[PDB]
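Included below are structure tokens for two forms of one protein chain, each presented in isolation as structure 1 and structure 2.
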Structure 1
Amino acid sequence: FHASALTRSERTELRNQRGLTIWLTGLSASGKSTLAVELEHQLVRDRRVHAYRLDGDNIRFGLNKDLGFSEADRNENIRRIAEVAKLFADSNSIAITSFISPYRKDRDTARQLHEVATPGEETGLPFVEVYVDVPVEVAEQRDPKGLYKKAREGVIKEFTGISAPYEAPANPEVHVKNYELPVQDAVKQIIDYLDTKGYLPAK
């Protein structure tokens, strides 16, 4: 019987794909969730790989149902999400996250956790920071849930882009100017990048 756990190399070959994390960041209504859902469809369906999205829906009322909006809780929220994305990446799955993650330190913390060697290997796992970029005016014109309106009326306290800052990434792996660009083209810009790094199986 095997006494040593599967190595990244054995798992990579046996699962026939690599593991990495795709981290979307951008204003509310920039389209993070929209790109994540379609990106996941193509990866699993079109590319035949294991990919899984982490977002408010499966995190907020589960793993992080105990976190509020305090500085401490906001940091812990990001920390936990990052550790989880890392576990999926370590299992040779492609984790896709779509949290506003407004602060540079939010993404730095997630990147660092991924970029540090894993128990056994000499390297970490790829962390692909995708800036889903739209001017605030574009986000406000979308405002599907009315959040911006309620943000400009204090109904919502400190809202990214309105009463709290969004710190734009200077050097994201993928910068998607997600406006006046069809969703299919934006998702393609992402998949095309992944292919240039050979992060995906043939096709």
Structure 2
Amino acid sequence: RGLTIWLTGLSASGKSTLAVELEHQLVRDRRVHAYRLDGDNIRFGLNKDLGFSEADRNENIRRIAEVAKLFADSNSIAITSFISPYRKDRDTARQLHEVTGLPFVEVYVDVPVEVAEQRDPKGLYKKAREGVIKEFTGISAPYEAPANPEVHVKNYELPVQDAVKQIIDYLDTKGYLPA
């Protein structure tokens, strides 16, 4: 049975890492298909005409909610992994999934802006600090944190494993998994 698992968080909070690992640990021990949507899949393809302005981030997320729904529909598990900083847009995505039913599991990949910054794998934070990148989430643009996430991962000083296992463990707390 199909649902969408929606990760939301700052950049360098470790979403994509979780996604990959959530997936492999799902198809390892329950063996479902799960497909997994983030920047490579989507921003170089479907969402190629979209930048990082507010309206574009709205649309970016709009489109992604619709194709995630599509994947859950096909009885796969869609695993999204975009910053998705606008609470309204995440709430709207939920509502297209939930109108006769499709779970929407919002996972807050939570780190402090300072843990992320201290990571900064591709140097965007230092660039955002300097003004080289404009409107950067958490530095010069908003991140609107989830109030009631199905799952709240404090993803710092924490093994990706216990992280994914907080997610899995929630999934069958609710019944979406096989043996």
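What we label the rigid core is the largest C-alpha set whose atoms superpose within 1.5 Å from one form to the other. Each residue is numbered by where it sits in the sequence of structure 1, with counting from 1.
When the two forms are overlaid on the rigid core, CA displacement between structures 1 and 2 of 2 Å or more is confined, within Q141, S70, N171, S163, to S70. Relative to the superposed core, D46 moves its CA by 2.3 Å between structures 1 and 2. Overlaying the rigid core between structures 1 and 2 leaves the Cα of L181 displaced by 1.2 angstrom.
Superposed on the core, the two forms differ at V37, whose C-alpha moves 0.6 Å between structures 1 and 2.
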